[PDB]
Amino acid sequence: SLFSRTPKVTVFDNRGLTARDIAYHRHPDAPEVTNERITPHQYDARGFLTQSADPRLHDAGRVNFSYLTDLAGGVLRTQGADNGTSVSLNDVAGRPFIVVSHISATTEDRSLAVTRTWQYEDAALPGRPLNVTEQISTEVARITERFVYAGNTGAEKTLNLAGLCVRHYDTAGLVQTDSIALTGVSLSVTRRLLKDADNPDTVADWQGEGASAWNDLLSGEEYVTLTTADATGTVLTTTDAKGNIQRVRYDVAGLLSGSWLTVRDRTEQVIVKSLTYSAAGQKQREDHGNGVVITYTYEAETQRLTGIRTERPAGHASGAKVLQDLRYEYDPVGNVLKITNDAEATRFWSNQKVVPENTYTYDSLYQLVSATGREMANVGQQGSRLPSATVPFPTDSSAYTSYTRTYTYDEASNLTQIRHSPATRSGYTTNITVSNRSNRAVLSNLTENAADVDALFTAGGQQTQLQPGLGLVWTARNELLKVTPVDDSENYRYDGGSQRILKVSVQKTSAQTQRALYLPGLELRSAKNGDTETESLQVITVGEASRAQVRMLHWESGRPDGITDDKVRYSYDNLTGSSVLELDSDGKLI
Amino acid sequence: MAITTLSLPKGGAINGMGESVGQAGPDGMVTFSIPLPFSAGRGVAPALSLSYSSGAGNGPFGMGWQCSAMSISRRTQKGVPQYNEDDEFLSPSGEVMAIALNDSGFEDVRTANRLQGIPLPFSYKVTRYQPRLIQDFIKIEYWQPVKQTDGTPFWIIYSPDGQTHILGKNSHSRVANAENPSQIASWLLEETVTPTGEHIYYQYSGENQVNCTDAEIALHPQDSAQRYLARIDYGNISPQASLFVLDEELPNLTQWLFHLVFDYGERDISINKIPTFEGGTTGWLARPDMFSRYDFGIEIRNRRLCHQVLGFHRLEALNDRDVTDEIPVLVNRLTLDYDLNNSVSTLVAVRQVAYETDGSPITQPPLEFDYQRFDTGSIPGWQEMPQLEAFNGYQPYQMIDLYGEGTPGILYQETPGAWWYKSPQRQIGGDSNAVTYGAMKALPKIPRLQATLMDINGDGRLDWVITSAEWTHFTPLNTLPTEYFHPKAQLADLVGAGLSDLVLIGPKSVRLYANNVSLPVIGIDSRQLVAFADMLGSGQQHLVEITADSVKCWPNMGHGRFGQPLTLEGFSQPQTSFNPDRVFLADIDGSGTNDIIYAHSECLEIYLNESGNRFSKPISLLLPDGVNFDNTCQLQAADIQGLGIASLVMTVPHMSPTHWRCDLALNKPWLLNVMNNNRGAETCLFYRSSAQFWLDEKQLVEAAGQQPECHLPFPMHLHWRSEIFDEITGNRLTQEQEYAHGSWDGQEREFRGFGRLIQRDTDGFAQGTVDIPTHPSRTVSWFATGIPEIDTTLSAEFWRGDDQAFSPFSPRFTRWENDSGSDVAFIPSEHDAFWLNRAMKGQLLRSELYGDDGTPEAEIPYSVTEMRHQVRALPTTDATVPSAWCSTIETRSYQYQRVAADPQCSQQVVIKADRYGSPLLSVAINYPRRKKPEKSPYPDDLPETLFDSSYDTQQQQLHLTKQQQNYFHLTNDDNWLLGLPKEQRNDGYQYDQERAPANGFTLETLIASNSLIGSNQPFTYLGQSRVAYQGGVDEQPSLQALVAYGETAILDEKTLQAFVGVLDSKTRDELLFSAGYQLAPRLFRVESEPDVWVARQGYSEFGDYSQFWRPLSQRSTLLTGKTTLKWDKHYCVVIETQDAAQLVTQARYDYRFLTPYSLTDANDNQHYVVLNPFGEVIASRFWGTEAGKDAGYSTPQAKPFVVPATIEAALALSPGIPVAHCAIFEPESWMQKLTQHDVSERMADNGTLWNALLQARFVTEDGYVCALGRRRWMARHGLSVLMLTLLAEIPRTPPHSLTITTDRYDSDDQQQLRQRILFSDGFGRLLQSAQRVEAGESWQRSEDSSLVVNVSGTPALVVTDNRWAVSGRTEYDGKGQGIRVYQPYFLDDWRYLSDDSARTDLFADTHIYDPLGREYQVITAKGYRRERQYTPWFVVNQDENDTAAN
Ligand SMILES: [Ca+2]
Ligand SMILES: [Ca+2]
Ligand SMILES: [Cl-]
Ligand SMILES: [Cl-]
Ligand SMILES: [Cl-]
Ligand code: NA
Ligand code: NA
């Protein structure tokens, strides 16, 4: 009824190119009404795409993207409503040569434009990249990246280094590759940071006649990550920069069967004792170092994840308990209709039979239009801050009250309203104001007028205000550089691939400071109470960033009383990988 | 351009030879091709195919098959050649040639004494010939010595790829008169040479007397003519541009790196005896079915069958080692098995064998064939013939094909002077091949008296011969020799004054009367019979004389000549009782040879003619119950079924009923009807006569009130049905062909093809719990016969259901006319029409695709494609007969999707073509969508809005995309290279819908002065492409066509608009220069068109001729550095690459396959594979240095690894193996294993049966039971129930492989053996994949390969040590699409779970495909549906939520 006669439709021109994508919108609130949504696309004589537009902007006679192409189809220019205008040209060898971006259309505001260029080896060499350059507006060009390659001396061959980049100087400093396997896996890499890397004023500019000069712009400290690998080129062990060793083992099918951690100057301890799999190779049963067992359950037909069951089993020193028993109910295409948890200790949902347990409803476009859940009665209205931690664990259904969220979406799939309706309290509404000519959008408190929305964004689609009186600065590469209030700041640094290597937070009244350095399987966290160290912390992280991770906290200095050193924190996730429970090395809830 | 990178062959899936059945054509024949599996060497190689045709006759590879290179032969189809200036020659394509014209319009002759720059001993007259239809524009020369005594003539064919071929230079490559070498029937390919200086040489063996009986030698002294292909040499060591046959002496055998050796029975056939390079000393074997052919006016005798083809490589030479006393080593071996038979020998198996270094054989499963056969045992008995019940049993009738319909009707005289004919017809509601006879038609009145000619059947030609006994006999002219009425030589001697009477005694055999060789005397009323009949199976009316104890046959050699008498033993009757009247001559077994049927009072005795050599022991056939044959009775042999084989029709007055028939066979024997690859795939083929098809067609034409006109007067055996069985899934595909508008041409005595083919494809599935609705597809296709009275009736039959579709295309005829040249249309004369229409024979006119699914839209096609043809007439020395080049100039495709009113439509037109057939100007047109109708033509279940919303203005824009191009050629001097890439440009034209011509575009409307692609009209420049060459004049090609670079346009003035707000002219341009782009002239320029920015790609430096012009360096652009290439000794393969950073890769080669086995990378680490005798990777490892020290696996020198012999052994290996991977291949597992010990023990006979079954190829020497060898044995000798029991308990399983992968180096004691098993089917498709996993819960496989299941119905679970995860399990339909794809599952065994258990118990998504092979529906394992609907202008997708609401 809701989904009846709502197909996806592809409309061709007379050359078999897609002129229109048609969709059919229907809200369960109003099942009588069906809104047809047409996304037009234009092509030129050659058959290359020139224009696209969403239904909302087509309705208003405007366009989302315009494309200008060379005669082979290569896109030399994109004018986007959301991300501005940019010009691109590859050389005849197919390599990046120039990109000019941060340009706005009205002809073309070129004044804040970033020009990125590449320099390769000369024609008598293979043509590997030598440096990347970035020139912003009227400022002098800065050399943001450099590459140095190995020759093929016997020593280099012995390290499987021949012709590969051994020194990559990037936006954060240097990455040095000192050893490679027969299988091609990096066995020893070494990172050094820029001098004065905590200051967001310091940008990489690798000026100088050779490596002797470039190295003089780097800090002294070396963060060495070492790796061990099997005959298939698959990682077995990782030694982090503070000497902590992570180890894994593979079963006869090549799947992870166990893992261990050896903290520096300690003995090896079990992080994953065992791990079995279904026929499809998806986790079935997982046994942790803390004796906690995870049992995963799958629909036999669709292989969809039906159950996540976490428990301390029979004969466990801390006493048997089911900590989580998640169950999922899908609609036919695999949207989540219902989530139940019978292990929930408070027994909250069988007490409150007015609103149902995590029920979700969707429109014909599979957008979430309604949801129900529980919140803690004390949370109050959602903003940017995290609620206050309730300590200790609440012990009764009074602690949590139910809620029902309702979501509203425009013709271009912008989320314009989150409406919150609790059981027995005053509800609130968060309104998001969409631009009249783009999908740029901000909360109502920033503006309630569509025509002023794009002025809160840079040309490239980067938001300049986070909240009222909190300002945002972005790098030349559109990464978040700095959050500043208009007196607590935060700022960031990234490597060559835009992956955050550094975060520094500062509060000045005396200036209190915290720093996070992100390395392989390791976060070095520190703090100073005005150039005097209050805290020094290794967060050892075991696993992969898209799966239920295990953290170990080791304090070099400044451990607070009430935390035993080298305490492991096991994390336990839901369907979407959100961290829901933490347990300790006894399996007890943290 | 492809930059050469060295790498080892990757692992792996089981697949065969590349054997393939042909698409069903308008000739109606079954075809089959096997590529000969042998090395390509350097690249220049023989590349031959062993191919079958149902139309083809006997030869060195058995009935139907051949494997030979190009030849030129004297024409034999239009009279026998006499070796004078009046003879004609045939091109390799079989097409008649004439002497060509030159620039000045004369006979293109010249004298020469230099050929390819090489002085010839004397002068030659060199005549260019041109074939009537031009395929490739090959140049063909006849080389004739000026003084005829100086030598023999030869032919040269210059292929337009730049290669040069010479035929019959030396006498071994000539089929010539045994009596007189001057008289040359055929010149066979002897040597090829390419522009790189690479050669292939073809060596033939002449026929001879070795291993023949003295009986044979006596009967056939003229036996030296025939040639057999014997050795092919390639990979010449010395690079030479000129042909080797032009040097003083030919190269030594040792100057060729590769050989291909055709064995004719001399070597031991056994897979255990390794064939050697030299032949041994027992000589080639004599086939039993020896046969002669007389086409060329000379006997050509045939005694040899090819039993093996062998690939030999010179391993020492290739490895730059000492060549002294090198024997070439065998690489691959192809065995050929025949069913040897005295009448007809047939090819029943080909198999690949190779050898391990310990000498022991390794084998692929044999590819088997079998044929329709005549069974001596089950001859159908008599049966009453109610079709003749209107006659009383005394009344004389002839069963004869009076009108030329390929089936005989009834000719009879009612009262004297009054002759009627009852024409054959389909009996309604009988068997589907049942023949009845229609209404009487009076013949014309016949003259007072005379033997004389007459046009009895009303076809215009005097082709019936009337005589009188006073009775009257009708005899077709084709049953007598060709110049019967103006005889010469022996024919004159025999008839003298002229014969008194001619009497048919069979379908094409005729008895005679009257009142250098020793010919017979035609006595008045003797105890002897004389006749014309084909007693030899060569296809001529020979002279035969039969007495009571002798059969003598004199071969017709043409022009009235008759050669020495041949005897045929095995026929006799007592000298008192022998009566000539009781003798009949007819091909009973369809072997080609007329057999003897002799009639006694109570039986018939049939003497089968054995390939014209002798007669068999006679088959005795009893007459019906209580019949006594005598003078009152009537008996004749006549092909009443229309099968090309005689049945017998008998009238007996003293009997009830009076009329009987005996059909001796219901199939035409010796036609291929079964292939089986022994891997799970069998194809069964079914034939049906064109004659039988004609009676179906005639009934339809009569039911519709029209007058039928047959144009095909004899029965051809057409490919009617194919059934392709998947023996593993139990699924199949049926392909049925139907034929109409058959055309044979009297004037040229040539078959033209069928005017209409209807093809029906139907999937058949085994039963499942989620059933797939099978919906057959129908393709209806029309082809030109080139006879206009047929071709003009075809468009009438096209689908008329779209009143707005454009009108049918019409053939254009052109003449080439020069100017600063071009095609110009003309209307030819009725004389030239015949030849120019003939040039379109077999060309596709129109094709329509349907799905016969019983829906309302079923009568409406998915798509319709139609073609227009242009024949360009070309002059020759013959004024009466022009040459012709047919091409396809327009192609129009309509996409309807079974909705008639709203199709999409596109059209591609070749406007101009150069003199060599290459396209110069062409255009691709996309028509606008039709004006929107008032109501929606699409079904009412879609959204109401969609029909209106389906419309877009982009659908209404007419697009024409114009493409120009030109080419390099090298025709100067005596070289010939055509169509080399040069320049191309593309231009876009776009108009509104009003400007589309109302009746569509034609070529004419596009070349007209007011054209929408005229140079007046505005356009959008789309780009251009140029190839530049090196090593010749400027950037023009030499004969070696060495590319300098490729150049394509990247920016024009329009595309530079990109930079307008960001860069300025000066900065923009100097960036483009530094980016490696450059300005070049815009091609096919118009007035004021600026230069364009171009990118250049693909630079190579090549070697000189001594290095076979091989590439020595490569780079993609001038911005990056070059990579060096170093070759091995003989420039076969590259052994080292070195890049611009000095980084070095090296490779050593396994020279039996010319693939690397070892590889040193840039860091000097080593990679290694062991290849098996078929070139597959059975083991691999690597080692080198890592982190300062030696690393990886132990070396093959340190720790050699033996690959286990079986999967069982391999699954039982202990950790510590020094290989990354190893692989066991089981390609023959679908064949049951049967050992001598199995057999000998189960009988207690000491191998008496085993050695009988091995001989009969029921089982292979290595113990595999052959599918068709079994069936053949079971049909002839049966099989005891003791053997059947044994065989029923021996299982089988789909082709499979096991790959073991180690996860650690062998130094590490943690090493595990990962185990992966793949299953393939008989079509080479991946069936399932099994990965060994840790012990745990799995489902259960029984010994019978089924799933164990609980009483509750769900699979029974157990914990097991032997657990496997099965993934990607797929059930395929006929077209190879995944019809069911199963979820992964655990199983306590690597073995195959039956498709039977899978369908019942395992979860699977079902995918349903439409007649275009597009997925339109999916039924998910849970029960839901995804559906998809295809229309010309939109596609509609519905997911599981959408469809669930229905
Ligand atoms: Ca829908
Ligand atoms: Ca015969
Ligand atoms: Cl707890
Ligand atoms: Cl117009
Ligand atoms: Cl070798
Ligand atoms: Na006639
Ligand atoms: Na190395």
# chains A, B, ... in the order shown; residues from 1 in each chain; ligands from 1
$ residues_near_ligand --ligand "ligand 2" --cutoff "12 Å" --atoms "only C-alpha atoms and all ligand atoms" --output "number ranges by chain"
B: 289, 342-344, 374, 533-538, 585-597, 606-616, 644-646, 664, 668-670
$ residues_around --residues "residue B:1073" --least-positions-apart "2" --cutoff "12 Å" --atoms "only C-alpha atoms" --output "PyMOL selection string"
(chain A and resi 91-92+97) or (chain B and resi 1066-1071+1075-1079+1093-1095+1119)
$ interface_residues --of "chain A" --to "chain B" --cutoff "7 Å" --atoms "only C-alpha atoms" --output "count of residues only"
53
$ atom_distance --atom1 "atom CA of residue A:510" --atom2 "atom CA of residue A:529"
7.8 Å
$ atom_distance --atom1 "atom CA of residue B:541" --atom2 "atom CA of residue B:522"
17.1 Å
$ residues_around --residues "residue A:515" --least-positions-apart "6" --cutoff "10 Å" --atoms "only C-alpha atoms" --output "MDAnalysis selection string"
chainID A and resid 198 490:492 502:506 523:528 536
$ residues_around --residues "residue A:531" --least-positions-apart "5" --cutoff "9 Å" --atoms "only C-alpha atoms" --output "PyMOL selection string"
chain A and resi 511-513
$ write_last_selection --atoms "N, CA, C and O atoms" --output "tab-separated table (two decimals), in the first residue's frame"
chain	number	residue	atom	x	y	z
A	511	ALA	N	46.97	29.25	30.68
A	511	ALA	CA	46.56	28.47	29.49
A	511	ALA	C	46.68	26.95	29.70
A	511	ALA	O	47.79	26.41	29.76
A	512	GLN	N	45.53	26.26	29.81
A	512	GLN	CA	45.47	24.79	29.97
A	512	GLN	C	45.36	24.13	28.58
A	512	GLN	O	44.64	24.62	27.71
A	513	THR	N	46.07	23.02	28.39
A	513	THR	CA	46.29	22.42	27.07
A	513	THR	C	46.19	20.90	27.09
A	513	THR	O	46.70	20.26	28.00
$ select_by_dssp --residues "stretch 305-369 of chain A" --states "strand (DSSP E)" --output "list in words"
residues 305, 306, 307, 308, 309, 310, 311, 312, 321, 322, 323, 324, 325, 326, 327, 328, 329, 330, 336, 337, 338, 339, 340, 341, 360, 361, 362, 368 and 369 of chain A
$ decode --residues "stretch 1086-1101 of chain B" --atoms "N, CA, C and O atoms" --output "short mmCIF file (atom, residue, chain, number, x, y, z; two decimals), in the first residue's frame"
data_model
loop_
_atom_site.label_atom_id
_atom_site.label_comp_id
_atom_site.auth_asym_id
_atom_site.auth_seq_id
_atom_site.Cartn_x
_atom_site.Cartn_y
_atom_site.Cartn_z
N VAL B 1086 38.14 22.42 -42.91
CA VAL B 1086 37.21 23.30 -43.64
C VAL B 1086 37.69 24.75 -43.52
O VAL B 1086 37.98 25.21 -42.41
N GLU B 1087 37.82 25.44 -44.66
CA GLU B 1087 38.26 26.84 -44.75
C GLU B 1087 39.12 27.37 -43.58
O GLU B 1087 40.36 27.31 -43.63
N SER B 1088 38.44 27.82 -42.53
CA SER B 1088 39.03 28.62 -41.45
C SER B 1088 38.96 27.90 -40.09
O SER B 1088 38.54 28.49 -39.08
N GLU B 1089 39.37 26.63 -40.06
CA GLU B 1089 39.34 25.82 -38.83
C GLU B 1089 40.72 25.81 -38.17
O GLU B 1089 41.71 25.41 -38.79
N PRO B 1090 40.79 26.25 -36.90
CA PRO B 1090 42.09 26.35 -36.22
C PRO B 1090 42.69 25.01 -35.80
O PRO B 1090 41.97 24.01 -35.67
N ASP B 1091 43.99 25.00 -35.57
CA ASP B 1091 44.67 23.82 -35.02
C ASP B 1091 44.10 23.45 -33.66
O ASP B 1091 43.57 24.28 -32.93
N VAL B 1092 44.27 22.17 -33.33
CA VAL B 1092 43.68 21.59 -32.13
C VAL B 1092 44.80 21.08 -31.24
O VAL B 1092 45.88 20.75 -31.72
N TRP B 1093 44.54 21.04 -29.94
CA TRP B 1093 45.51 20.53 -28.99
C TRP B 1093 45.43 19.02 -28.98
O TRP B 1093 44.36 18.46 -28.75
N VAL B 1094 46.56 18.37 -29.23
CA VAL B 1094 46.60 16.91 -29.33
C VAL B 1094 47.54 16.28 -28.32
O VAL B 1094 48.50 16.90 -27.86
N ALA B 1095 47.25 15.02 -27.98
CA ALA B 1095 48.10 14.22 -27.12
C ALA B 1095 48.64 13.07 -27.95
O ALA B 1095 47.90 12.47 -28.72
N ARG B 1096 49.92 12.77 -27.78
CA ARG B 1096 50.58 11.70 -28.51
C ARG B 1096 50.99 10.56 -27.60
O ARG B 1096 51.55 10.79 -26.54
N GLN B 1097 50.74 9.34 -28.07
CA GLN B 1097 50.83 8.15 -27.25
C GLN B 1097 51.51 7.03 -28.03
O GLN B 1097 51.30 6.89 -29.23
N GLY B 1098 52.33 6.23 -27.35
CA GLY B 1098 52.75 4.94 -27.86
C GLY B 1098 53.97 5.01 -28.74
O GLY B 1098 53.88 4.79 -29.95
N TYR B 1099 55.11 5.31 -28.13
CA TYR B 1099 56.40 5.38 -28.83
C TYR B 1099 57.20 4.09 -28.62
O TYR B 1099 57.41 3.65 -27.48
N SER B 1100 57.65 3.50 -29.72
CA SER B 1100 58.52 2.35 -29.69
C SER B 1100 59.72 2.55 -30.62
O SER B 1100 59.60 3.18 -31.67
N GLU B 1101 60.87 2.06 -30.21
CA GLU B 1101 62.04 1.91 -31.07
C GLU B 1101 62.11 0.42 -31.44
O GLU B 1101 62.07 -0.44 -30.55
#
